[PDB]
Structures are given as C-alpha cells and as structure tokens.
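First, one chain by itself in structure tokens, the form deposited in one PDB entry.
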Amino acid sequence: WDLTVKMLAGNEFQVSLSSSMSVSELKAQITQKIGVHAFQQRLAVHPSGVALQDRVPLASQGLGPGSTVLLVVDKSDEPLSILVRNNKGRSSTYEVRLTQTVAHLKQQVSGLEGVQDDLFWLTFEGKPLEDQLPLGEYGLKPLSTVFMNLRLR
C-alpha cells in the first residue's frame, strides 16, 4: 500500500503500508517520516472523519491503497509524577514527561536505587517497557506505578 496523510494546513505526504499492517505500524511510519511520537498522533479516516481503531486491521476499517487519513499532532507534554516500586516494595516518586524515553526513566531509577541500568527492566500493567520508546507509548497516567524487575545473574 501507499497511504496519504493530510495535516491541518492541508499539506500531505505519503506513507508505505501493507495488508497486514496495523494502526501501530501506520503510526510508526508517520514517526519515520515526520518525527512525531506515535502516542502524540491523532488520526481519522478522510473524509468520513472516523477515528482509526488500534485493535483492528487497517483493511478492516475502510482503508486501502490510495486512501487518505487526517492527522492532528498533540504535543502537550506537562510534567507528571509517577511511581517506580523496587524489588523490596518501596515506591519512589519520579517527575517525568511522556516524551521521555524509557531509557531515560531507567537512568533516573538507576541513580535513586543504586542498581546499574543493565541489571533491571521496568514493567507497567504487566508488560515490559522498551528502552527506546517514550513513556507515553505506554499510557502512563499521574501516579501510575511501574515495577522494577531485577536481572538475575
């Protein structure tokens, strides 16, 4: 596929897709092309205006080759506090921004806890956080609790 992305000024660009591609892959390509984090993208089908559905195949929601989606970018990025609970069950508070990468948070937790950052990983609502992704990818909210998990050696 090749898909048209239309922004508020009316400017357009193209993104290369496929039949097995999900909204997540679509947003990834958009980040590739314009440098906006996936969690900051607000997308809808043109010109129906229907929001894109995260769990549903692009092809199952009226998109195909030549289609156009509308993009609005939401760069609101005020600080919030979250908690990271260590192996001993002590929670500590961290001021973060959702645009900050997981690797960035790990550096903060590493300093506070005294554990090298290669010796733990973080989880939220069960799933592991990937170093290179922004915190906002994971839908962290004010006072959300992330879990520190120690790498055994």
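Numbers follow the displayed sequence, beginning with 1.
- Higher mean CA B-factor, judged across 123 to 131 and 98 to 106 from the recorded values: 123 to 131.
- Here 138 to 146 and 18 to 26 are compared by their mean Cα B-factor, and 18 to 26 comes out higher.
- If you compare the C-alpha temperature factors of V84, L70, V56, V36 in the entry, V56 comes out highest.
- Sorting the modelled residues of the chain by their CA temperature factor places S92 in the middle third.
- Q116: CA B factor in the middle third of modelled residues in this chain (values from the PDB entry).
- Per the PDB record, residue ranking by Cα B-factor puts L43 in the lowest third of the chain.
- Remark: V5 belongs to the lowest third of its chain, ranked by C-alpha B-factor as recorded.
We do not show the form deposited in another entry, though everything after this point is about it.
- Checking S76, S110, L43, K127 against the motion between the shown form and the other one, you find the hinge between the rigid parts at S76.
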